[PDB]
Amino acid sequence: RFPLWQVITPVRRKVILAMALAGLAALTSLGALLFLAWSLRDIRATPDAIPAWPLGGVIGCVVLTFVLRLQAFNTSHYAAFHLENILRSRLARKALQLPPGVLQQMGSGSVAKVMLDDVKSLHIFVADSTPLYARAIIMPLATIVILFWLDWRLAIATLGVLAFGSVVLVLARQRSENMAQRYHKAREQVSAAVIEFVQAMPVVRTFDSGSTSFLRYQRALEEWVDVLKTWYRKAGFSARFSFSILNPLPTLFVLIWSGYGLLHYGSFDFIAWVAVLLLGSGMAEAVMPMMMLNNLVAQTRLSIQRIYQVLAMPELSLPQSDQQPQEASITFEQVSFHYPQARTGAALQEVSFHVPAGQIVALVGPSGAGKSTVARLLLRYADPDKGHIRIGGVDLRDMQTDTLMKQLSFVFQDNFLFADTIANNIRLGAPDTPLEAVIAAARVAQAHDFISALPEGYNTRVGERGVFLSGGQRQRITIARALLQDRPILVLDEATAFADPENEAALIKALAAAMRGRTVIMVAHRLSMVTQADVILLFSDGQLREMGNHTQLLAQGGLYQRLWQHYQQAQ
Amino acid sequence: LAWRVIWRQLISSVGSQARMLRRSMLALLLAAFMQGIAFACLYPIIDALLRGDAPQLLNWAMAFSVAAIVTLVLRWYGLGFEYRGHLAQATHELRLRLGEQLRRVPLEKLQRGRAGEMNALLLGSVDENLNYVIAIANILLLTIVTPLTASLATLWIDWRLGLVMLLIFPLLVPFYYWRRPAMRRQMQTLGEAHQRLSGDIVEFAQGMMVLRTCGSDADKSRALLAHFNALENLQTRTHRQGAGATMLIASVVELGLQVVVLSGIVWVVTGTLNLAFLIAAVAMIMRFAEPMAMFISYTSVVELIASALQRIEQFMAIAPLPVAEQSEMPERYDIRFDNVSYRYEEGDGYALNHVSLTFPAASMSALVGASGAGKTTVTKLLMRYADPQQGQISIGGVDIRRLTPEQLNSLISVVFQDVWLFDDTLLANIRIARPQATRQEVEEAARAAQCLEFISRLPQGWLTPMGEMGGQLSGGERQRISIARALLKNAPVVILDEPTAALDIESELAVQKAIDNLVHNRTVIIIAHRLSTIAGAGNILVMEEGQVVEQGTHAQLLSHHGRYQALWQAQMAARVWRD
Ligand SMILES: [Mg+2]
Ligand SMILES: [Mg+2]
């Protein structure tokens, strides 16, 4: 499908301009060598006169040759930079538009590999080979005609040299087939192993004492080095032959022996031989710079194939009707969902429940029940296998991404911070938000007290995952970030974990004073939160087993009675 | 700066393949010299022509042929470093050395960085360091050594022609010295930009769930695109800045090689230089002008290699926490703090101020307090996360600084608050704590953590793959897997930091059963905001603003009105949402 030809499409005009100027520089170099050969011939015929006109021709052609070469290289470099920017922006947009499950499965290390290293590999090709490709396709084609017009026997000899080189190179082609998948998988596994090693260092140092450094990192390194050795061995012969057949020495050797043979046959012409020697660099020495980068171009080809494979992933079936919600009420209608991993049973079997607006719905159940699953399905993490999820009567499938996400402020079970600034983290998605609103949102939570205590206050820096901040403090920051949005439905996934009971009670009372008419979805294992709520939904083994108030589920005497009794006996 | 430092850095980076690299570069240098000699063989060959002296024409053609053969075989053998696995072996060894350094650098300073930034060093900086060494050596030896040898032999043929041919090599030195700072700055700036971009991309990938919620088209992704555009502008500006310099260098070189031919022509028409020698010199110059013009541009790759070496050595220059007065294994396991006061980097908190406490062996102690009190700080400093500026921490009668990190990590088994699973199977995730364990032991550890139930409900069983951060499992399931991992390791001291944050009441009681079983023969430290689980602790330590404000047991602490009593009342207090 010509991936190399495909990638240069956004910068096609500049790439073709670079090709044209490289070809013009090549032709001008041939003209320079012709003028210089004419100067030598004139000196041979007249050993007492300066060939002033041919010498002016050769010097002018040299000047134009290097000017055009440098300008073409500059154009190629600008095109390469523009192409890198375009490819990186498109990859980022695709990652944004990719389904959350697909992107999570593919991995952060894979994203770093494809977005950074694969796009970086495009520079070699675009900015340092297309002028060389143009030179290697222009100089031989004109040079063969010039030498045939000049001396057809030396032309045949040098053309035979070039043909031998080209035939050997074509015969020895690895084609990079049946090993590109292994090469990639090794590359992204090494990247993911490095990221995992860095971000899980306390766990590695505590538990992984068997191997120096990190065991999975070592395994990935060995797989990558095996792949690299195989790739280098497979490409060694072609690279090293192209480096020895396109050297000036083989061509000079063949030309010299042909000239000796012609002298022995009594048909040697000195001027024609000299002009062939001067002009013989265009056939086989023109392909030499391209073959110096052929291997990196093959690596760029593999990276390009990976990039276009990433961009060829299905998206989450965006609609075009653009219907809007008008009720802020949630509805699950016989929804069943299976994760991409073929887990037995199902995450949800026949979940169906209606939450009218303004309701403090609290989600309870044992671990693995599927509370985070229904929260993610509300967040359009994936699409239900059966049933429908609706917000305000209109289906989530019949919504734009912006339309759906303007409805829900979500607090994730895992508290993630984008490093940066605490104030910046809270005001994420809106840098123009004044610090007054950020402080108000933090006051709705209990973050403001410890934030003021910190010396830099709101501008205090936090780690990559928020490591510079306490777990409870990090969760409070995420809560404040969600509250700053003021979106109609607020979903919480264990928002009061990692927090002492005093902070938990303060957060509950403040948030109750705050989300007055807002529909609040609650996931909590601490049943003291759910003892006073508008409705309680209990999940077990992926099934919505019970639904009702605390008194209703307590009187029903089902799965909720045992949980509440154990919780109350504990405290 | 100094090329000797660059050479020793390159030798260290290559490592065990240093002798192979030196031999390959010697082969490349000999190939360049022999190619220059082969070009020098033209002077008699062209002189053989125009005259028809076939005998010595063949005599010198054989010399040219053998010179070309030696040059070809020498280049073929010297380029084998890239294709015979030596480059791959050197890269593997450098990656292994850099990975081990990650295992030894202080954890506090390491957490001050970013995972993406470290990914660009262990993965990208290495390939910038090693993947172009042989190629750039071959290009620079061809660019300089071969024309130098050709001009030196021309000096033998004609001292006037040889001198003017040689006069260009001193001319390149001022241009190289003038352009070297610009190339150095450009390479350093591109390296820093690439590292920052790698970190930003990794963070952007790791927070797509949060990013999708905020919406408003792109806001943080808007910053990512701004970074992309800034990188484009940086590269374009750097290329434009050096475009005029490159044009000037190319013009000067190619026209200083265009006056050598003019001087030779003047000498020939004057009758003092042979026409065939002129043709040979012209052929050499035309085959040498193009590589020589961009020698300075070729040195940019050398600058890049130097920058990668500098970054790698800066990372490798980080020193571990000192191990002073190395000691043996402590025979008791009673952790004691003595006047410990620890200040975090870039932090004015002075958290864990003047903290003195005791963790009795064969007992279970609990740490309670508000969020940010410093309990996780206690757990981290017990693992030698950072050295205390004041006070001493002792596992037994031996201070931690008297132990190496391996011994301390052998004596400590920790359930972390930030639950981290590895991107492999569940069986290996549990087994990494103690791989030399029977499968029955692993099953017992899983049962103690009450996690076999959902393992049975896994179609892949124990071979179920765990994603990054253990994404494929729930929070409670992942946390119980971490508990089982810690349980499998047999360490004298077990530190659990909020072991049951994401567990239901039944799973939490089941886990607390095994936690209480651990008490009899292991030192146990437990951090919990769920005060019901840790009411049975032998000792409970109350923390506030980095100080241990109050000490006692459950009954003793509840008898006297204090912070523990207030926390228990808050836990027992009803929560009202008012519809
Ligand atoms: Mg969950
Ligand atoms: Mg903590």
#### Entry: Two-decimal log10 I(q)/I(0) for region B:488-579, as the Debye equation yields it once each C-alpha is a single scatterer, q = 0.16, 0.22 Å⁻¹
-0.76, -1.25
### Task
Using the number of other C-beta atoms within 10 angstrom as an exposure proxy, rank A:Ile477, B:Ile305 with the fewest first.
B:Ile305, A:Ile477
### Task
Scan around B:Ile495 for amide H atoms under 5 Å from its own, H built in the peptide plane at 1.01 Å from N, and keep only partners 5 or more places away or cross-chain.
B:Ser413, B:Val414, B:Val415, B:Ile525
### Query
Counting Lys and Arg as +1 and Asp and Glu as -1, what is the net charge of the other residues whose Cβ lies under 13 Å from the Cβ of A:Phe35?
0
## Note on the structure
So the pair-distance distribution of the protein assembly as shown, from every Cα-Cα distance in 20 Å bins, comes to percents of 11, 35, 27, 17, 9, 1, 0
### Query
Based on DSSP H runs of at least 4 residues, each adding -39500 (n - 2.57), what is the mean residue ellipticity at 222 nm of chain A after dividing by all its residues, to the nearest 500 deg cm²/dmol?
-19500 deg cm²/dmol
### Summary
Going from the fewest other Cβ atoms within 10 Å to the most, one would list A:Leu563, B:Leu172, B:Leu421, B:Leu155 as B:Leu155, B:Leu172, A:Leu563, B:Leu421
#### Entry: Karplus-derived HN-Hα couplings along region A:214-223 (A = 6.51, B = -1.76, C = 1.60, θ = phi - 60°), whole Hz, x at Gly and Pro
10, 5, 5, 4, 5, 4, 5, 4, 5, 4
### Task
Project the alpha carbons of region A:102-160 onto their principal axes and report the range along each, largest first, in whole Å.
65, 19, 13
## Note on the structure
The FRET efficiency for B:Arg185 and B:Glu108, from their Cβ-Cβ distance with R0 = 41 Å and rounded to 0.05, is 0.80
### Task
Using a 10 Å Cβ count of at most 14 others and DSSP loop calls, identify the longest part of chain B lacking such GluC sites (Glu not before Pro).
B:1-324
### Query
By a straight-distance test (C-alpha under 28 Å), which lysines pair with A:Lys14 as possible cross-link partners, with residues fewer than eight away in the same chain excluded?
A:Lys94, A:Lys113, A:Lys120
### Task
Compute the distance in nm between two label points, each set 7 Å from the Cα along the Cα-to-Cβ direction, one at B:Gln556 and one at B:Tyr298.
8.0 nm
### the protein assembly as shown, dipole about Cα centre (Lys/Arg Cβ +1, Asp/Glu Cβ -1), debye to the nearest 20
1980 debye
### Task
Hey, can you grab everything whose amide H is under 5 Å from the amide H of A:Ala419? Only 5+ residues off in sequence or another chain; H modelled, so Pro and N-termini drop out.
A:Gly466
### Summary
Taking Cα pairs closer than 8 Å and at least 6 residues apart, the relative contact order of region A:173-309 in percent is 28 percent
### Task
Could you please state, rounded to a whole Å, how far the C-alpha centre of region B:127-194 is from the C-alpha centre of region A:114-177?
25 Å
### Query
Once phi is turned into ³J(HN,Hα) by the Karplus curve 6.51 cos²θ - 1.76 cosθ + 1.60 with θ = phi - 60°, what whole-Hz value does each residue of region B:529-545 show in order, with x for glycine and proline?
8, 7, 5, 5, 5, 10, 5, x, 5, x, 9, 10, 10, 9, 10, 7, 6
#### Entry: Tilt relative to chain A, helix A:435-444 - C-alpha long axis, 0 to 90 degrees, to 10
40 degrees
### Query
Distance from the Cα centre of region A:357-410 to that of region B:19-58, in angstrom?
77 Å
### Given charges at Cβ of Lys, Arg, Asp, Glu: region B:3-316 dipole, positive-most of B:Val260, B:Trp60, B:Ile296
B:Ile296
### Task
State, in angstrom, two size descriptors of region A:324-571 derived from its alpha carbons: Rg to one decimal place and Dmax to the nearest whole number.
18.3, 53
### Task
Provide the per-residue ³J(HN,Hα) series for region A:23-35, in order, calculated from phi with Karplus coefficients 6.51, -1.76, 1.60 and θ = phi - 60°, each as a whole number of Hz, with x at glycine and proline positions.
x, 5, 5, 4, 4, 5, 5, 4, x, 4, 5, 5, 5
## Note on the structure
Partner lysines whose C-alpha sits under 28 Å from that of B:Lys513, ignoring same-chain residues fewer than 8 away, are A:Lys371, B:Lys375, B:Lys380, B:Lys489
### Query
Which order do peptides A:228-237, A:422-431 fall in by mean Cβ count within 10 Å, highest first?
A:422-431, A:228-237
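Under a Cβ-only charge scheme (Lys and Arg +1, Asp and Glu -1), can you give me the dipole magnitude of chain A about the Cα centre, in debye to the nearest 20?
Charge dipole of chain A: 980 debye, to the nearest 20.
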### Query
Taking +1 at the Cβ of each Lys and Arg and -1 at the Cβ of each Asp and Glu, which of B:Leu487, B:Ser456, B:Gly475 sits farthest along the dipole of region B:418-495 towards its positive end, judged by Cα position relative to the Cα centre?
B:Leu487
### Message
As I understand it, the value is the acute angle between the Cα axis of helix B:295-316 and the longest principal axis of the Cα atoms of chain B; what does it come to in degrees, rounded to 10?
### Response
20 degrees
### Cα centroid of region A:183-245 to Cα centroid of region A:482-542, whole Å
45 Å
### Query
If we count other beta carbons within 10 Å of each Cβ, what is the order of A:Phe164, A:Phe418, fewest first?
A:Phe164, A:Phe418
### Summary
Listed by chain and number, the residues whose amide H is under 5 Å from that of B:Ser341, excluding neighbours fewer than 5 places away on the same chain and using placed H, are B:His354, B:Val355, B:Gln389, B:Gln390, B:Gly391
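In Å³ and rounded to a whole number, note down the convex hull volume per residue for the Cα atoms of region B:167-284.
So the per-residue hull volume is 130 Å³.
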### Task
Please state the charge dipole magnitude for region B:335-572, taken about the Cα centre, from unit charges on C-beta atoms (+1 on K and R, -1 on D and E), reported in debye and rounded to the nearest 20.
560 debye
## Note on the structure
Taking a ≥ b ≥ c as the square roots of the eigenvalues of the Cα gyration tensor, with a/c under 1.5 meaning rounded and otherwise prolate when a/b exceeds b/c and oblate if not, chain B is prolate
### Task
Within region A:528-559, which residues have the backbone N less than 14 Å from the label spot 7 Å out from B:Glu506 along Cα→beta-carbon, could you tell me?
A:538-543, A:545-546, A:558-559
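Could you tell me what fraction of 2.2 N^0.38 Å the Cα radius of gyration of region A:436-507 comes to, as a two-decimal ratio?
It is 1.06.
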### Query
Dividing the Cα convex hull volume of chain A by residue count, how many Å³ per residue is that?
222 Å³
### Summary
When the charge dipole of the protein assembly as shown is computed with +1 on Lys and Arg Cβ and -1 on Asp and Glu Cβ about the Cα centre, the Cα farthest towards its positive end, among B:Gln111, A:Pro366, B:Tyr350, belongs to B:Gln111
### chain A: angle of helix A:52-97 to the longest principal axis, Cα-based, in degrees nearest 10
20 degrees
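Virtual Cβ from ideal backbone geometry, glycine too; neighbours counted across all protein chains shown. Bear in mind these aren't lab numbers, they're just calculated from the coordinates by the rules spelled out.
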